[PDB]
file input_36.cif (mmCIF, C-alpha atoms)
data_upload
#
loop_
_atom_site.group_PDB
_atom_site.id
_atom_site.type_symbol
_atom_site.label_atom_id
_atom_site.label_comp_id
_atom_site.auth_asym_id
_atom_site.auth_seq_id
_atom_site.Cartn_x
_atom_site.Cartn_y
_atom_site.Cartn_z
ATOM 1 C CA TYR A 829 48.730 -39.744 -8.088
ATOM 2 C CA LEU A 830 46.780 -40.470 -4.907
ATOM 3 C CA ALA A 831 43.860 -41.619 -7.067
ATOM 4 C CA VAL A 832 45.991 -44.186 -8.924
ATOM 5 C CA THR A 833 47.383 -45.290 -5.537
ATOM 6 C CA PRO A 834 44.752 -46.940 -3.308
ATOM 7 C CA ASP A 835 47.229 -48.640 -0.937
ATOM 8 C CA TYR A 836 50.333 -46.709 0.137
ATOM 9 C CA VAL A 837 51.877 -45.525 3.398
ATOM 10 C CA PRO A 838 53.437 -42.028 3.382
ATOM 11 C CA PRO A 839 56.882 -41.635 4.965
ATOM 12 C CA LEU A 840 57.024 -40.160 8.457
ATOM 13 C CA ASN A 920 44.028 -37.945 8.103
ATOM 14 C CA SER A 921 46.293 -35.358 6.485
ATOM 15 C CA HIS A 922 47.224 -33.889 9.877
ATOM 16 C CA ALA A 923 48.742 -37.239 10.882
ATOM 17 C CA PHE A 924 51.310 -37.145 8.060
ATOM 18 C CA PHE A 925 51.711 -33.437 7.282
ATOM 19 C CA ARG A 926 53.889 -31.151 9.373
ATOM 20 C CA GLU A 927 52.133 -29.006 11.953
ATOM 21 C CA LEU A 928 51.704 -25.318 11.158
ATOM 22 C CA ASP A 929 52.671 -22.820 13.837
ATOM 23 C CA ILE A 930 49.998 -20.627 15.392
ATOM 24 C CA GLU A 931 51.895 -17.566 14.130
ATOM 25 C CA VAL A 932 51.364 -18.699 10.518
ATOM 26 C CA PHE A 933 47.821 -17.296 10.603
ATOM 27 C CA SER A 934 49.280 -13.797 11.066
ATOM 28 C CA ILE A 935 49.473 -13.570 7.253
ATOM 29 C CA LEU A 936 45.677 -13.424 7.228
ATOM 30 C CA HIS A 937 46.105 -9.632 7.369
ATOM 31 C CA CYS A 938 46.602 -9.780 3.596
ATOM 32 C CA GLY A 939 43.572 -8.791 1.560
ATOM 33 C CA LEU A 940 41.558 -11.150 -0.614
ATOM 34 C CA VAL A 941 41.060 -10.916 -4.385
ATOM 35 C CA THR A 942 39.067 -13.338 -6.545
ATOM 36 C CA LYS A 943 39.424 -14.163 -10.234
ATOM 37 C CA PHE A 944 35.718 -13.604 -10.913
ATOM 38 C CA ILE A 945 33.055 -11.068 -9.881
ATOM 39 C CA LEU A 946 35.261 -8.631 -7.955
ATOM 40 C CA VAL A 957 52.343 -7.747 -5.968
ATOM 41 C CA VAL A 958 51.398 -11.093 -4.404
ATOM 42 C CA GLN A 959 48.081 -11.158 -2.546
ATOM 43 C CA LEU A 960 46.008 -13.828 -0.810
ATOM 44 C CA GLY A 961 43.994 -16.067 -3.112
ATOM 45 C CA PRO A 962 40.701 -17.879 -2.521
ATOM 46 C CA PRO A 963 42.324 -21.346 -2.361
ATOM 47 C CA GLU A 964 45.114 -20.082 -0.100
ATOM 48 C CA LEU A 965 42.571 -18.536 2.276
ATOM 49 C CA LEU A 966 40.709 -21.847 2.508
ATOM 50 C CA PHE A 967 43.956 -23.664 3.329
ATOM 51 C CA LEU A 968 44.663 -21.249 6.183
ATOM 52 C CA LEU A 969 41.063 -21.251 7.424
ATOM 53 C CA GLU A 970 40.770 -25.049 7.383
ATOM 54 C CA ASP A 971 43.942 -25.431 9.452
ATOM 55 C CA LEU A 972 42.900 -22.739 11.939
ATOM 56 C CA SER A 973 39.419 -24.237 12.334
ATOM 57 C CA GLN A 974 40.880 -27.677 13.080
ATOM 58 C CA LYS A 975 43.191 -26.168 15.702
ATOM 59 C CA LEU A 976 40.272 -24.478 17.467
ATOM 60 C CA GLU A 977 38.138 -27.632 17.256
ATOM 61 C CA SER A 978 40.921 -29.648 18.933
ATOM 62 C CA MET A 979 41.254 -27.527 22.104
ATOM 63 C CA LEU A 980 38.150 -25.352 22.462
ATOM 64 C CA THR A 981 35.933 -28.267 21.411
ATOM 65 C CA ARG A 997 44.165 -37.186 18.819
ATOM 66 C CA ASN A 998 47.408 -35.517 19.888
ATOM 67 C CA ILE A 999 48.883 -36.492 16.508
ATOM 68 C CA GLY A 1000 49.030 -33.367 14.378
ATOM 69 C CA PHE A 1001 48.452 -31.107 17.387
ATOM 70 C CA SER A 1002 51.563 -31.625 19.549
ATOM 71 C CA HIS A 1003 52.829 -28.049 19.215
ATOM 72 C CA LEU A 1004 49.312 -26.604 19.530
ATOM 73 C CA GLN A 1005 48.634 -28.487 22.780
ATOM 74 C CA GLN A 1006 51.856 -27.036 24.230
ATOM 75 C CA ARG A 1007 50.058 -23.699 24.693
ATOM 76 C CA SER A 1008 47.088 -23.460 27.038
ATOM 77 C CA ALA A 1009 43.636 -22.530 25.764
ATOM 78 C CA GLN A 1010 44.000 -19.078 27.340
ATOM 79 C CA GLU A 1011 46.756 -18.090 24.905
ATOM 80 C CA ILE A 1012 45.176 -19.800 21.883
ATOM 81 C CA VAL A 1013 41.951 -17.794 22.162
ATOM 82 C CA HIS A 1014 44.013 -14.673 22.862
ATOM 83 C CA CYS A 1015 46.139 -15.420 19.796
ATOM 84 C CA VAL A 1016 43.005 -15.911 17.677
ATOM 85 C CA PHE A 1017 41.540 -12.710 19.136
ATOM 86 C CA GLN A 1018 44.424 -10.734 17.624
ATOM 87 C CA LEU A 1019 43.221 -12.173 14.294
ATOM 88 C CA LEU A 1020 39.639 -10.954 14.790
ATOM 89 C CA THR A 1021 39.953 -7.698 12.838
ATOM 90 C CA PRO A 1022 41.664 -9.154 9.710
ATOM 91 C CA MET A 1023 39.232 -12.104 9.876
ATOM 92 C CA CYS A 1024 36.063 -10.006 10.004
ATOM 93 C CA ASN A 1025 37.448 -8.187 6.957
ATOM 94 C CA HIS A 1026 37.637 -11.472 5.042
ATOM 95 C CA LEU A 1027 34.042 -12.216 6.049
ATOM 96 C CA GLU A 1028 32.919 -8.803 4.789
ATOM 97 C CA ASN A 1029 34.752 -9.266 1.485
ATOM 98 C CA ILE A 1030 33.198 -12.691 0.872
ATOM 99 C CA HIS A 1031 29.828 -11.288 1.959
ATOM 100 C CA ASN A 1032 30.235 -8.531 -0.629
ATOM 101 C CA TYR A 1033 31.327 -11.232 -3.082
ATOM 102 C CA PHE A 1034 28.144 -13.303 -2.840
ATOM 103 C CA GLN A 1035 25.862 -10.256 -2.996
ATOM 104 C CA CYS A 1036 27.220 -9.335 -6.442
ATOM 105 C CA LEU A 1037 26.106 -12.752 -7.756
ATOM 106 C CA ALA A 1038 22.523 -11.495 -7.434
ATOM 107 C CA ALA A 1039 22.571 -10.755 -11.173
ATOM 108 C CA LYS A 1051 33.821 -20.240 -12.437
ATOM 109 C CA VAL A 1052 31.804 -22.821 -10.509
ATOM 110 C CA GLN A 1053 34.903 -24.040 -8.646
ATOM 111 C CA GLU A 1054 35.435 -20.454 -7.491
ATOM 112 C CA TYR A 1055 31.919 -20.490 -6.026
ATOM 113 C CA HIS A 1056 32.617 -23.691 -4.079
ATOM 114 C CA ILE A 1057 35.924 -22.408 -2.678
ATOM 115 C CA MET A 1058 34.373 -19.158 -1.447
ATOM 116 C CA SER A 1059 31.435 -21.115 -0.021
ATOM 117 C CA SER A 1060 33.861 -23.257 1.983
ATOM 118 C CA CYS A 1061 35.718 -20.122 3.095
ATOM 119 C CA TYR A 1062 32.443 -18.597 4.303
ATOM 120 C CA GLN A 1063 31.597 -21.675 6.380
ATOM 121 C CA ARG A 1064 35.116 -21.953 7.811
ATOM 122 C CA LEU A 1065 34.988 -18.332 8.979
ATOM 123 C CA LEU A 1066 31.656 -18.816 10.757
ATOM 124 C CA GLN A 1067 32.888 -22.030 12.382
ATOM 125 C CA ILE A 1068 35.966 -20.175 13.648
ATOM 126 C CA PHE A 1069 33.771 -17.287 14.807
ATOM 127 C CA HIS A 1070 31.376 -19.656 16.575
ATOM 128 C CA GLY A 1071 34.173 -21.712 18.116
ATOM 129 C CA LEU A 1072 35.890 -18.565 19.377
ATOM 130 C CA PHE A 1073 32.954 -17.056 21.272
ATOM 131 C CA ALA A 1074 31.475 -20.428 22.304
ATOM 132 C CA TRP A 1075 34.405 -21.176 24.601
ATOM 133 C CA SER A 1076 33.826 -22.549 28.094
ATOM 134 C CA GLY A 1077 36.579 -20.263 29.373
ATOM 135 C CA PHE A 1078 34.411 -17.189 28.819
ATOM 136 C CA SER A 1079 32.175 -18.343 31.683
ATOM 137 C CA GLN A 1080 35.075 -17.639 34.039
ATOM 138 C CA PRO A 1081 35.252 -14.019 35.278
ATOM 139 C CA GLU A 1082 39.000 -13.595 34.692
ATOM 140 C CA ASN A 1083 38.767 -13.323 30.891
ATOM 141 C CA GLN A 1084 35.598 -11.215 30.624
ATOM 142 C CA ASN A 1085 37.776 -8.277 29.569
ATOM 143 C CA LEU A 1086 39.025 -10.435 26.696
ATOM 144 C CA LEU A 1087 35.402 -11.166 25.783
ATOM 145 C CA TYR A 1088 34.592 -7.447 25.925
ATOM 146 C CA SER A 1089 37.460 -6.655 23.548
ATOM 147 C CA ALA A 1090 36.252 -9.308 21.096
ATOM 148 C CA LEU A 1091 32.683 -7.994 21.254
ATOM 149 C CA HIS A 1092 33.866 -4.407 20.774
ATOM 150 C CA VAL A 1093 35.601 -5.424 17.532
ATOM 151 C CA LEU A 1094 32.339 -6.577 15.941
ATOM 152 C CA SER A 1095 30.427 -3.521 17.164
ATOM 153 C CA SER A 1096 33.154 -1.294 15.693
ATOM 154 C CA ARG A 1097 32.548 -2.716 12.195
ATOM 155 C CA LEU A 1098 29.457 -0.502 11.821
ATOM 156 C CA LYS A 1099 29.967 2.528 14.081
ATOM 157 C CA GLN A 1100 32.790 3.479 16.436
ATOM 158 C CA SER A 1104 33.740 1.945 28.022
ATOM 159 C CA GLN A 1105 30.440 1.192 26.315
ATOM 160 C CA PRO A 1106 27.890 -0.892 28.264
ATOM 161 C CA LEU A 1107 28.297 -4.619 27.704
ATOM 162 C CA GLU A 1108 24.699 -5.199 26.592
ATOM 163 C CA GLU A 1109 25.107 -2.541 23.898
ATOM 164 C CA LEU A 1110 28.033 -4.527 22.476
ATOM 165 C CA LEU A 1111 25.967 -7.725 22.233
ATOM 166 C CA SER A 1112 23.080 -5.951 20.509
ATOM 167 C CA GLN A 1113 25.485 -4.317 18.055
ATOM 168 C CA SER A 1114 27.539 -7.489 17.550
ATOM 169 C CA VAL A 1115 24.415 -9.560 16.871
ATOM 170 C CA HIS A 1116 23.049 -6.901 14.512
ATOM 171 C CA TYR A 1117 26.341 -6.841 12.602
ATOM 172 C CA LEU A 1118 26.436 -10.638 12.321
ATOM 173 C CA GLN A 1119 22.732 -11.036 11.501
ATOM 174 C CA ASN A 1120 23.266 -8.974 8.329
ATOM 175 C CA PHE A 1121 25.164 -11.940 6.844
ATOM 176 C CA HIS A 1122 22.061 -14.138 6.485
ATOM 177 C CA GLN A 1123 21.276 -12.853 2.985
ATOM 178 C CA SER A 1124 24.708 -13.698 1.570
ATOM 179 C CA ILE A 1125 24.791 -17.240 3.007
ATOM 180 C CA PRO A 1126 25.038 -19.694 0.076
ATOM 181 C CA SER A 1127 24.679 -23.062 1.845
ATOM 182 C CA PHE A 1128 22.647 -24.704 4.590
ATOM 183 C CA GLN A 1129 25.755 -25.472 6.655
ATOM 184 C CA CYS A 1130 26.757 -21.798 6.678
ATOM 185 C CA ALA A 1131 23.253 -20.822 7.817
ATOM 186 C CA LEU A 1132 23.403 -23.298 10.702
ATOM 187 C CA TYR A 1133 26.825 -21.982 11.740
ATOM 188 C CA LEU A 1134 25.571 -18.386 11.742
ATOM 189 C CA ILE A 1135 22.511 -19.407 13.769
ATOM 190 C CA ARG A 1136 24.619 -21.218 16.367
ATOM 191 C CA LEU A 1137 27.038 -18.280 16.507
ATOM 192 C CA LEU A 1138 24.157 -15.892 17.223
ATOM 193 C CA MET A 1139 22.802 -18.041 20.069
ATOM 194 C CA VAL A 1140 26.080 -18.287 21.986
ATOM 195 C CA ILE A 1141 26.551 -14.507 21.826
ATOM 196 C CA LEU A 1142 22.935 -13.927 22.875
ATOM 197 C CA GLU A 1143 23.481 -16.287 25.819
ATOM 198 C CA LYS A 1144 25.479 -13.591 27.622
ATOM 199 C CA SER A 1145 22.483 -11.241 27.423
ATOM 200 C CA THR A 1146 20.207 -11.682 30.438
ATOM 201 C CA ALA A 1147 17.027 -10.386 28.771
ATOM 202 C CA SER A 1148 16.010 -12.921 26.115
ATOM 203 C CA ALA A 1149 12.305 -12.131 25.620
ATOM 204 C CA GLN A 1150 13.083 -10.585 22.223
ATOM 205 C CA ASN A 1151 16.346 -12.492 21.707
ATOM 206 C CA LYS A 1152 14.382 -15.732 21.338
ATOM 207 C CA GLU A 1153 12.156 -14.247 18.630
ATOM 208 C CA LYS A 1154 15.014 -13.006 16.440
ATOM 209 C CA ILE A 1155 16.651 -16.433 16.720
ATOM 210 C CA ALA A 1156 13.330 -18.067 15.832
ATOM 211 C CA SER A 1157 12.535 -15.603 13.037
ATOM 212 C CA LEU A 1158 15.937 -16.137 11.411
ATOM 213 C CA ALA A 1159 15.639 -19.911 11.836
ATOM 214 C CA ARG A 1160 12.251 -19.964 10.097
ATOM 215 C CA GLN A 1161 13.632 -17.887 7.217
ATOM 216 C CA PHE A 1162 16.415 -20.425 6.659
ATOM 217 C CA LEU A 1163 13.845 -23.235 6.761
ATOM 218 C CA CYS A 1164 11.609 -21.381 4.292
ATOM 219 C CA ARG A 1165 14.501 -20.522 1.955
ATOM 220 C CA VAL A 1166 15.025 -22.443 -1.288
ATOM 221 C CA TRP A 1167 18.520 -23.818 -0.761
ATOM 222 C CA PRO A 1168 20.128 -24.647 -4.137
ATOM 223 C CA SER A 1169 21.223 -28.205 -4.819
ATOM 224 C CA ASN A 1176 23.036 -31.186 -0.275
ATOM 225 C CA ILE A 1177 21.267 -30.648 3.042
ATOM 226 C CA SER A 1178 21.920 -33.454 5.513
ATOM 227 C CA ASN A 1179 19.225 -34.719 7.862
ATOM 228 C CA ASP A 1180 21.494 -34.137 10.865
ATOM 229 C CA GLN A 1181 21.835 -30.430 10.069
ATOM 230 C CA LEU A 1182 18.142 -30.074 9.204
ATOM 231 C CA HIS A 1183 17.296 -31.814 12.482
ATOM 232 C CA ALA A 1184 19.502 -29.320 14.331
ATOM 233 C CA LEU A 1185 17.845 -26.312 12.691
ATOM 234 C CA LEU A 1186 14.326 -27.562 13.453
ATOM 235 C CA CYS A 1187 15.191 -27.953 17.136
ATOM 236 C CA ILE A 1188 16.491 -24.372 17.212
ATOM 237 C CA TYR A 1189 13.369 -23.019 15.506
ATOM 238 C CA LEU A 1190 10.919 -24.969 17.675
ATOM 239 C CA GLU A 1191 12.688 -24.425 21.008
ATOM 240 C CA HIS A 1192 12.885 -20.662 20.402
ATOM 241 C CA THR A 1193 9.488 -19.876 18.862
ATOM 242 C CA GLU A 1194 6.978 -18.133 21.116
ATOM 243 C CA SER A 1195 4.373 -20.923 20.836
ATOM 244 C CA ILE A 1196 5.716 -24.387 20.027
ATOM 245 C CA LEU A 1197 2.198 -25.833 19.792
ATOM 246 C CA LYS A 1198 1.140 -23.301 17.154
ATOM 247 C CA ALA A 1199 4.419 -23.851 15.292
ATOM 248 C CA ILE A 1200 3.819 -27.615 15.241
ATOM 249 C CA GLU A 1201 0.212 -27.024 14.177
ATOM 250 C CA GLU A 1202 1.388 -24.923 11.221
ATOM 251 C CA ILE A 1203 3.993 -27.401 9.952
ATOM 252 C CA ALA A 1204 1.762 -30.462 10.341
ATOM 253 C CA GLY A 1205 -1.532 -28.755 9.480
ATOM 254 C CA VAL A 1206 -0.398 -26.617 6.536
ATOM 255 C CA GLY A 1207 3.059 -27.684 5.394
ATOM 256 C CA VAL A 1208 2.411 -31.432 5.341
ATOM 257 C CA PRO A 1209 -0.971 -31.280 3.500
ATOM 258 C CA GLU A 1210 0.475 -29.235 0.626
ATOM 259 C CA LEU A 1211 3.452 -31.599 0.484
ATOM 260 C CA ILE A 1212 1.053 -34.488 -0.177
ATOM 261 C CA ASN A 1213 -0.714 -32.594 -2.969
ATOM 262 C CA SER A 1214 2.654 -31.628 -4.468
ATOM 263 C CA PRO A 1215 4.332 -33.964 -6.985
ATOM 264 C CA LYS A 1216 6.469 -36.835 -5.744
ATOM 265 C CA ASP A 1217 9.775 -35.086 -6.512
ATOM 266 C CA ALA A 1218 8.711 -31.757 -5.023
ATOM 267 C CA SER A 1219 8.618 -29.872 -1.728
ATOM 268 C CA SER A 1220 6.213 -27.916 0.440
ATOM 269 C CA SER A 1221 5.602 -24.364 -0.748
ATOM 270 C CA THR A 1222 5.744 -22.859 2.747
ATOM 271 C CA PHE A 1223 8.677 -25.100 3.767
ATOM 272 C CA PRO A 1224 10.859 -25.892 0.730
ATOM 273 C CA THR A 1225 13.094 -27.945 3.057
ATOM 274 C CA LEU A 1226 10.103 -30.280 3.615
ATOM 275 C CA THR A 1227 10.000 -33.027 0.979
ATOM 276 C CA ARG A 1228 9.083 -36.711 1.010
ATOM 277 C CA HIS A 1229 12.708 -37.615 1.773
ATOM 278 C CA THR A 1230 13.027 -35.162 4.689
ATOM 279 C CA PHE A 1231 9.558 -35.674 6.198
ATOM 280 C CA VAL A 1232 10.930 -38.167 8.737
ATOM 281 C CA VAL A 1233 13.228 -35.462 10.109
ATOM 282 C CA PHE A 1234 10.310 -33.038 10.424
ATOM 283 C CA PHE A 1235 8.114 -35.728 11.986
ATOM 284 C CA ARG A 1236 10.778 -36.867 14.459
ATOM 285 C CA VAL A 1237 11.536 -33.336 15.676
ATOM 286 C CA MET A 1238 7.874 -32.341 15.991
ATOM 287 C CA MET A 1239 6.960 -35.443 18.001
ATOM 288 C CA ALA A 1240 10.030 -35.167 20.239
ATOM 289 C CA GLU A 1241 9.507 -31.435 20.812
ATOM 290 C CA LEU A 1242 5.805 -31.914 21.563
ATOM 291 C CA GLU A 1243 6.631 -34.571 24.158
ATOM 292 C CA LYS A 1244 9.236 -32.312 25.796
#

call {"tool": "encode", "arguments": {"input": "input_36.cif", "output": "structure tokens"}}
result
Amino acid sequence: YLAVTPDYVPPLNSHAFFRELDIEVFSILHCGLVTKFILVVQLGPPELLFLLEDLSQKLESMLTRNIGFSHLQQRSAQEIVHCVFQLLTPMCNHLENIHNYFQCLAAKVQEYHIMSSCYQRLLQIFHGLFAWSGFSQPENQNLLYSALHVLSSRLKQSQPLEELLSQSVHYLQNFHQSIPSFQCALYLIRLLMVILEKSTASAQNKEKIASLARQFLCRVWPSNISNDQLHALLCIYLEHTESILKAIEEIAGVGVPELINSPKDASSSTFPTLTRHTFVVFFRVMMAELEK
């Protein structure tokens, strides 16, 4: 009925007109997830997306106008992150289940889209949680340690802090294979960087960020990729690679020539994300990075 109704004003931008959900509503995320395809009353894929979308918007409003967030703003950011932290364990479980979901599609369509949105919402929540300016303060480092210990406990369980980061990154990096969309890959990449920021030694940390970034660039993403997101990924790959000059030489000296020889509606073999329509993004990043 919204489609047949262009002009109409709802009685008193969904958050502007819909009632705010309490922060305690997300406590029902402890329910498991079951899908109709390729896997009492239990949480469904559309219901999970509804809860994840609302939680992501709440985090984006404080950690990253007041209409639709009056009750949320009435609690300080310290409690909101702490409240989300209590959701970490049931929320990593949803990520693992969806990760196991996409792996089984190695060998209906609306279900795929809903789970894809759920995957991206989880990573955005995960990234927004750890990438909080409050973690720079020393008072809540214990809270950060507890969050990092949760991820490290998903594989094997007063450990040293650096061990938690290495384990947490290793646990999260395993999700790259299951990622179904470019936006999810960018969210995982950004999530890895903010965690690796806490680690002082980044000689190898830069390479694993760069190696993962190149793999996403070289992957054949099914078709959707926006130039803004592709621009963001190129900056991450170039700023983190060991030799930016050799990286630029490879894209411009190998990737671009084979793009020209390829058909008009085609892409580079080495860089499938490099087509005639996205060349400007590659060119703009390479020139800007070279100048920097």

call {"tool": "resolve_selection", "arguments": {"input": "input_36.cif", "expression": "the PyMOL selection byres ((chain A and resi 1089-1098) around 12)", "output": "JSON, numbers by chain"}}
result
{"A": [1013, 1014, 1015, 1016, 1017, 1018, 1019, 1020, 1021, 1022, 1023, 1024, 1025, 1027, 1028, 1069, 1072, 1073, 1078, 1083, 1084, 1085, 1086, 1087, 1088, 1099, 1100, 1104, 1105, 1106, 1107, 1108, 1109, 1110, 1111, 1112, 1113, 1114, 1115, 1116, 1117, 1118, 1119, 1120, 1141, 1142, 1144]}

call {"tool": "resolve_selection", "arguments": {"input": "input_36.cif", "expression": "the PyMOL selection byres ((chain A and resi 1165-1188) around 7)", "output": "ChimeraX atom specification"}}
result
/A:1127-1128,1132,1159,1161-1164,1189-1192,1224,1230,1233,1237

call {"tool": "resolve_selection", "arguments": {"input": "input_36.cif", "expression": "the PyMOL selection byres ((chain A and resi 932) around 12)", "output": "ChimeraX atom specification"}}
result
/A:927-931,933-937,967-969,971-972,1015-1016,1019

call {"tool": "axis_aligned_box", "arguments": {"input": "input_36.cif", "around": "stretch 960-964 of chain A", "padding_each_side": "5 Å", "output": "lines of an AutoDock Vina configuration file"}}
result
center_x = 43.4
center_y = -17.6
center_z = -1.6
size_x = 15.3
size_y = 17.5
size_z = 13.0

call {"tool": "closest_residue", "arguments": {"input": "input_36.cif", "among": "A:945, A:1199, A:1225, A:1143", "to": "residue A:1079", "atoms": "all atoms listed in the file"}}
result
A:1143

call {"tool": "atom_distance", "arguments": {"input": "input_36.cif", "atom1": "atom CA of residue A:1226", "atom2": "atom CA of residue A:1194"}}
result
21.5 Å

call {"tool": "atom_distance", "arguments": {"input": "input_36.cif", "atom1": "atom CA of residue A:830", "atom2": "atom CA of residue A:942"}}
result
28.3 Å

call {"tool": "atom_distance", "arguments": {"input": "input_36.cif", "atom1": "atom CA of residue A:1036", "atom2": "atom CA of residue A:1218"}}
result
29.1 Å

call {"tool": "closest_residue", "arguments": {"input": "input_36.cif", "among": "A:1148, A:1195, A:1157, A:1067", "to": "residue A:1130", "atoms": "all atoms listed in the file"}}
result
A:1067

call {"tool": "closest_residue", "arguments": {"input": "input_36.cif", "among": "A:1200, A:963, A:1222, A:1234", "to": "residue A:1056", "atoms": "only C-alpha atoms"}}
result
A:963

call {"tool": "closest_residue", "arguments": {"input": "input_36.cif", "among": "A:959, A:1213, A:1193, A:1006", "to": "residue A:1151", "atoms": "all atoms listed in the file"}}
result
A:1193

call {"tool": "closest_residue", "arguments": {"input": "input_36.cif", "among": "A:1207, A:1201, A:1068, A:835", "to": "residue A:1239", "atoms": "all atoms listed in the file"}}
result
A:1201

call {"tool": "closest_residue", "arguments": {"input": "input_36.cif", "among": "A:965, A:1030, A:941, A:976", "to": "residue A:1012", "atoms": "only C-alpha atoms"}}
result
A:976

call {"tool": "residues_near_point", "arguments": {"input": "input_36.cif", "point": "(39.3, -24.5, 23.5)", "cutoff": "7 Å", "atoms": "all atoms listed in the file", "output": "NGL selection string"}}
result
:A and (976 or 979-981 or 1009 or 1075)

call {"tool": "residues_near_point", "arguments": {"input": "input_36.cif", "point": "(42.8, -10.0, 0.9)", "cutoff": "7 Å", "atoms": "all atoms listed in the file", "output": "ChimeraX atom specification"}}
result
/A:938-941,959-960,1026
